[PDB]
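Enquirer:
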Amino acid sequence: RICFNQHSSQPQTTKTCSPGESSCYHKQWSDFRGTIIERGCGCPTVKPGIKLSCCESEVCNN
(Lines of atoms letter the chains of each structure in order from A and count residues from 1; the text may use other names and numbers.)
(Lines give C-alpha, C1' and ligand atoms only; values in the text may rest on other atoms or scores of the structure.)
Protein backbone atom coordinates (compact mmCIF):
# COMPACT_ATOMS: atom_id res chain seq x y z
CA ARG A 1 0.00 0.00 0.00
CA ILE A 2 1.93 2.54 -1.76
CA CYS A 3 0.94 5.79 -3.43
CA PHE A 4 2.75 8.78 -5.35
CA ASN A 5 2.76 11.80 -3.17
CA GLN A 6 4.55 14.33 -5.39
CA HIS A 7 2.84 17.69 -6.72
CA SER A 8 2.24 18.39 -10.28
CA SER A 9 4.71 15.97 -10.95
CA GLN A 10 7.76 17.07 -9.58
CA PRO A 11 10.32 14.51 -8.89
CA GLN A 12 8.41 11.39 -8.02
CA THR A 13 7.99 10.78 -4.33
CA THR A 14 5.92 7.74 -3.03
CA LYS A 15 4.46 7.23 0.55
CA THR A 16 3.64 3.93 2.39
CA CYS A 17 0.58 4.31 3.34
CA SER A 18 -1.16 3.37 6.59
CA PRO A 19 -2.17 -0.24 7.17
CA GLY A 20 -5.77 -0.80 6.00
CA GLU A 21 -5.74 1.95 3.38
CA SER A 22 -6.03 0.10 0.07
CA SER A 23 -6.67 3.61 -1.95
CA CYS A 24 -4.69 6.34 -3.63
CA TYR A 25 -5.72 9.79 -4.88
CA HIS A 26 -4.91 12.26 -7.77
CA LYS A 27 -6.69 15.84 -7.32
CA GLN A 28 -6.36 18.57 -9.81
CA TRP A 29 -7.64 22.06 -9.45
CA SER A 30 -6.09 25.55 -10.47
CA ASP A 31 -6.32 29.02 -9.20
CA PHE A 32 -4.35 32.31 -9.29
CA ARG A 33 -0.80 30.54 -9.36
CA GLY A 34 -1.76 27.78 -12.00
CA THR A 35 -3.14 24.36 -12.23
CA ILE A 36 -2.15 21.77 -9.35
CA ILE A 37 -2.29 18.16 -8.92
CA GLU A 38 -1.81 16.64 -5.43
CA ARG A 39 -1.12 13.07 -5.02
CA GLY A 40 -1.58 10.99 -1.59
CA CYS A 41 -3.20 7.73 0.14
CA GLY A 42 -6.92 7.79 -0.24
CA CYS A 43 -9.85 9.22 -1.03
CA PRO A 44 -10.85 12.63 0.15
CA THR A 45 -14.61 13.83 -0.05
CA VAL A 46 -13.15 15.61 -2.72
CA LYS A 47 -14.77 18.91 -3.01
CA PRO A 48 -16.35 22.19 -4.92
CA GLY A 49 -13.98 22.91 -7.76
CA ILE A 50 -12.81 19.67 -7.20
CA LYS A 51 -10.97 17.56 -9.36
CA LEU A 52 -10.82 13.91 -8.08
CA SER A 53 -9.73 10.33 -8.73
CA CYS A 54 -9.07 7.40 -6.59
CA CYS A 55 -7.64 3.83 -7.68
CA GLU A 56 -6.96 0.88 -5.80
CA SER A 57 -3.66 -0.56 -6.48
CA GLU A 58 0.20 0.37 -5.98
CA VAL A 59 1.62 3.64 -7.74
CA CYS A 60 -1.96 3.85 -9.15
CA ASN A 61 -2.24 7.84 -8.98
CA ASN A 62 -0.13 7.81 -11.77
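At position 59 of the sequence shown (counting the first as 1) the number is 59 in the entry's author numbering, and the numbers step up by one without a gap. Backbone N, C-alpha and C define an ideal beta-carbon position, used for all residues, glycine too.
Closest to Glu-56 by C-alpha separation, out of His-26, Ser-9, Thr-13, would be which residue?
Expert: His-26
Enquirer: Between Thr-14 and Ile-2, how many whole angstroms is the CB-CB distance? I'm expecting something under 8 Å.
Expert: 5 Å
Enquirer: Report yes if the CB atom of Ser-9 is closer than 9 Å to the CB atom of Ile-37, and no otherwise.
Expert: In contact: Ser-9 and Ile-37 (Cβ atoms closer than 9 Å).
Enquirer: Which residues share a DSSP beta bridge with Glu-38?
Expert: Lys-27
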